[PDB]
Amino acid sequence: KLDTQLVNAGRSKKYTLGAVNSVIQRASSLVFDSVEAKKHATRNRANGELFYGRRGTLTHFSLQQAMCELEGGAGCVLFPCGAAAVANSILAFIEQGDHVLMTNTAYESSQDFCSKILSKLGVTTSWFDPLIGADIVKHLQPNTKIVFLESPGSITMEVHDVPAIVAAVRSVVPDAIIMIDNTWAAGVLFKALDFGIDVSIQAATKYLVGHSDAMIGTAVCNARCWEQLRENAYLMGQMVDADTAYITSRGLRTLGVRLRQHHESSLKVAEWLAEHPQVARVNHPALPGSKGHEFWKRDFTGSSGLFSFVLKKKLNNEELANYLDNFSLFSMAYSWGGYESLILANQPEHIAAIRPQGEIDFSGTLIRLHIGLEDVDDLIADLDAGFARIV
């Protein structure tokens, strides 16, 4: 049923108004036809009636309903990008004197927000190894307010044991807000809310948009946490533009066909890399032997196309340029979840800089690949010519 759900999510007649897709209603001012109507809108301003463009128009309401259907949420809060969704969802639940506990494989800008912004506000952050499972209880404090997960991890791809973590957290600090950056799974390949997580956050920028051309963050909330996240992010003025909301809704339509290709291609590339003379290790959650692969197999319903691998060699600057500068099909850029395949290098000392209170376990240059929609054998051919440049 995921394919049927994606096609239809949010496409109620009150939003589509005779069209297949939702209307695009651009607005700040929304007009009240009478004092009575304005009183009704005001009462329902956070309940999907037209009130003011900062709260949404019909376009936003459509995306919101779609995201709640897909991720099994009580509400969906919108932001101008994923980093805004992370920073503001955390902010929405903290106060001076709180502790935040975050996986050390969190997205770097997520870590930065905590280390550079929260620290000045009387909020301390500490870190954990993504494979800690039930042993996370050692890191919990009486003042732990947020436990922030990201599975798989940024760059290095470690999958958490979310069931174990959640049961441990609920046993010790049941008031904690458990959040996950669920971007890799595009919210649909891991049903975070069904595992007891309070908030599922995505850079909708990535697979939901699908084409590398719009930025948008989403936070789907359970009933417990929706009101606080919604109202407190509203107080920070968080919203996304109507057109971007429309394009996000539109990305959902092809999300199933895209994610099946990303899975099929990326796993075939991971398998080929794993057997290559020049590769030390492959980090792909769907690949047997990868860190937390067992948790991927048990808890996810698919894979996307982002993964990494580690070269046997630590490339020097000359070698790095010869490798990365001469790809035919892979491009160097940040982000991912688009239709085109991307490549970035990360030296071991770079990654060690962004694993606080943890330790690196590789020594070669780490390559992160986003496997897009191009013919997989063409991509493999491009990677092999790559290896020949650095043998």
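Residue positions are given as counts along the sequence shown, with the first one as 1.
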> Hey, which bit's got the bigger mean C-alpha B factor in the entry, 307 to 315 or 206 to 214?
Replying inline: 307 to 315
> If you average the CA temperature factors over each stretch, which comes out higher, 101 to 109 or 290 to 298?
Replying inline: 290 to 298
> Looking at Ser29, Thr59, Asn44, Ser341, which has the biggest Cα B factor in the entry?
Replying inline: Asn44
> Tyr52: which third of its chain by C-alpha temperature factor?
Replying inline: lowest
>> Considering every modelled residue of the chain and its Cα B-factor in the PDB entry, is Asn283 in the lowest, middle or highest third?
In response: middle
> Which third of the chain holds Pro142 when residues are ordered by C-alpha B factor: lowest, middle or highest?
Replying inline: highest
> Within this chain, which third does the Cα B-factor at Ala74 fall in: lowest, middle or highest?
Replying inline: middle
> Going by the entry, which third of its chain does the Cα temperature factor of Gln347 land in?
Replying inline: highest
